[PDB]
Every structure is written in structure tokens, then in C-alpha cells.
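**Student:** Below: one structure in C-alpha cells.
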Amino acid sequence: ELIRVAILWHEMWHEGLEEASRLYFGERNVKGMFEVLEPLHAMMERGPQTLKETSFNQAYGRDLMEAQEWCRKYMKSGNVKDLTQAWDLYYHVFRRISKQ
């Protein structure tokens with residue numbers, strides 16, 4: 001653990017998903033979760049660096065990765081019908097990517 005700074009993506013994902021999935025969970029401010037997950041889209045698309053932050057795109061490509069990738073859909077469709085599923089991918093992965 002903490003090889004250098006204990007950075008890792010999973011680490012920011014645990015809370016980057018909690019601070020997001022919570023802003024929607026019972027905050028009725030899905031717009032807020034979109035701001036904490038906004039960098040989690042870019043910090044997930046830029047690509048893997050070392051070989052540690054790759055237990056999500058290769059384990060659950062459909063998780064957060066797809067729960068967000070539906071941006072062109074969440075933008076034009078803007079239907080909570082995608083967010084209700086994104087919450088499932090976020091919550092379903094919240095335990096998966098957790099590695100409890």
C-alpha cells in the first residue's frame with residue numbers, strides 16, 4: 001500500500017463514486033455528482049499510466065465507465081432513465097471496485 005503517494009484511481013473512485021452516487025442517492029442534485037464525476041471521466045479516458053489503475057475498464061467496462069460514457073445520451077436525452085441505471089452501475093461497482 002502507498003507505493004509513493006497512495007494515489008491510484010480506485011482510491012479516487014471509492015469516494016469519487018461516493019461523493020457522486022451520494023449527490024444523487026439522496027441529494028436530488030445529480031448535477032452535483034456530475035461535477036465530482038466530471039474529472040473521473042477525464043481521469044478515466046486519458047488512459048492507464050503504471051499498471052494499477054486498470055481494474056475497472058478490464059473488470060467492469062459497463063460500470064462507471066459506461067455509466068458516464070452515456071454523456072452524449074445524458075446530454076441530449078437528459079433523462080433520469082439513464083441516471084437510474086448509472087446509479088446501479090455506480091452502486092453495483094461501489095462494492096466491486098471496492099474490493100471489500
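For the C-alpha cells, the naming scheme is as follows: chains receive sequential letters (A, B, ...) according to their order of presentation, residues are indexed from 1 within each chain, and ligands are indexed from 1 in presentation order.
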Show which residues sit within 7 Å of region 61-74 of chain A, as a ChimeraX atom specification. Count only C-alpha atoms, and ignore same-chain residues fewer than 5 positions away.
**Tutor:** /A:41,56,79,82,86,89-90,93
**Student:** Those same residues, written as an mmCIF file, in the first residue's frame with C-alpha atoms?
**Tutor:**
```
data_model
loop_
_atom_site.group_PDB
_atom_site.id
_atom_site.type_symbol
_atom_site.label_atom_id
_atom_site.label_comp_id
_atom_site.auth_asym_id
_atom_site.auth_seq_id
_atom_site.Cartn_x
_atom_site.Cartn_y
_atom_site.Cartn_z
ATOM 1 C CA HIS A 41 -14.453 10.829 -16.868
ATOM 2 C CA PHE A 56 -12.412 -1.295 -13.784
ATOM 3 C CA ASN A 79 -33.420 11.523 -18.912
ATOM 4 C CA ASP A 82 -30.023 6.803 -17.830
ATOM 5 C CA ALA A 86 -25.832 4.874 -13.813
ATOM 6 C CA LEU A 89 -23.560 0.751 -12.218
ATOM 7 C CA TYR A 90 -22.088 3.162 -9.617
ATOM 8 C CA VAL A 93 -19.459 -1.245 -8.815
#
```
**Student:** Using Å and a single decimal, report how far CA of residue 8 (chain A) sits from CA of residue 84 (chain A).
**Tutor:**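 Taking CA of residue 84 (chain A) as the start and CA of residue 8 (chain A) as the end point, the length is 27.3 Å.
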**Student:** Just the residues within 10 Å of region 47-52 of chain A, please, counting only C-alpha atoms, with nothing from its chain fewer than 4 positions along; format it as a list in words.
**Tutor:** residues 8, 9, 10, 42, 43 and 57 of chain A
**Student:** If you run DSSP on the backbone, which residues of chain A are alpha helix (DSSP H), as an MDAnalysis selection string?
**Tutor:** chainID A and resid 9:25 30:36 38:45 64:69 71:76 80:96
**Student:** For each of A:29, A:21, A:100, A:58, take the minimum atom-to-atom distance to residue 87 (chain A), counting only C-alpha atoms, then give the residue where this is smallest.
**Tutor:** A:21
**Student:** Tell me which protein, DNA and RNA residues are within 10 Å of residue 35 (chain A), counting only C-alpha atoms, leaving out same-chain ones fewer than 6 positions away, and put them as a ChimeraX atom specification.
**Tutor:** /A:16,19-20,23
**Student:** Calculate how many Å separate CA of residue 76 (chain A) from CA of residue 54 (chain A), rounding to one decimal.
**Tutor:**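 Taking CA of residue 76 (chain A) as the start and CA of residue 54 (chain A) as the end point, the length is 29.7 Å.
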**Student:** Between CA of residue 14 (chain A) and CA of residue 98 (chain A), what is the spacing in Å?
**Tutor:**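 So the two atoms, CA of residue 98 (chain A) and CA of residue 14 (chain A), lie 6.4 Å apart.
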**Student:** Looking at A:1, A:83, A:99, A:6, which one is nearest to residue 33 (chain A), with distances taken over only C-alpha atoms?
**Tutor:**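 Looking at the shortest contact to residue 33 (chain A), the residue is A:83.
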